[PDB]
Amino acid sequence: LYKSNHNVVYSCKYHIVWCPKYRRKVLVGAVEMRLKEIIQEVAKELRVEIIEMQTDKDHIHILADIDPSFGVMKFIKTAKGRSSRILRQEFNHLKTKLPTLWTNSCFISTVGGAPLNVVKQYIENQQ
């Protein structure tokens, strides 16, 4: 199952994890549900397919298929950036002793249908 843009046929799926500033346990309750809505809205607007997404109290997991030419960091900057603006506009406690909602950092890991040990079998390495 592969998508394509004008020039690239691709399957670029990323496991994305980022945490709030100071790793606060704020991704619960109304903030959690509203965070998921904003990300879903960003993905739709940016042509990103959210395969799975779930918060875990002080961090969020996202499994997203992103156009490799568009860039994974552009989706991440947009997701974290807009969600920070809106959630801090809608939830005052997200500005209390919080200079920002997110950190400058995140975790990214590529994911495919086949694991890495299987895909290396596709290729006879000539190094």
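In this text, the rigid core denotes the largest set of C-alpha atoms whose superposition between the two forms falls within 1.5 Å. Start at 1 with the first residue shown and count on from there.
A.B. asks: With everything overlaid on the rigid core, name the stretch, 21-29 or 109-117, whose CA atoms wander farther on average in 7 other deposited structures of this protein.
C.D. replies: It is 109-117 that deviates more in 7 other deposited structures of this protein.
A.B. asks: Looking at C-alpha RMS in 7 other deposited structures of this protein with the core superposed, is it 95-103 or 62-70 that drifts more?
C.D. replies: It is 95-103 that deviates more in 7 other deposited structures of this protein.
A.B. asks: If you average the CA temperature factors as listed in the entry, which stretch comes out higher, 10-18 or 99-107?
C.D. replies: Here the higher of the two C-alpha B-factor means belongs to 10-18.
A.B. asks: On average, are the C-alpha B-factors higher in 51-59 or in 76-84?
C.D. replies: Comparing averages over the C-alpha atoms only gives 51-59.
A.B. asks: Taking the C-alpha B-factors as the PDB entry records them, is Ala43 in the lowest, middle or highest third of its chain?
C.D. replies: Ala43: CA B-factor falls in the highest third of its chain.
A.B. asks: Going by the CA temperature factor in the PDB record, which third of the chain does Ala30 belong to: lowest, middle or highest?
C.D. replies: Middle third - that is where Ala30 ends up once the chain's C-alpha B-factors are sorted.
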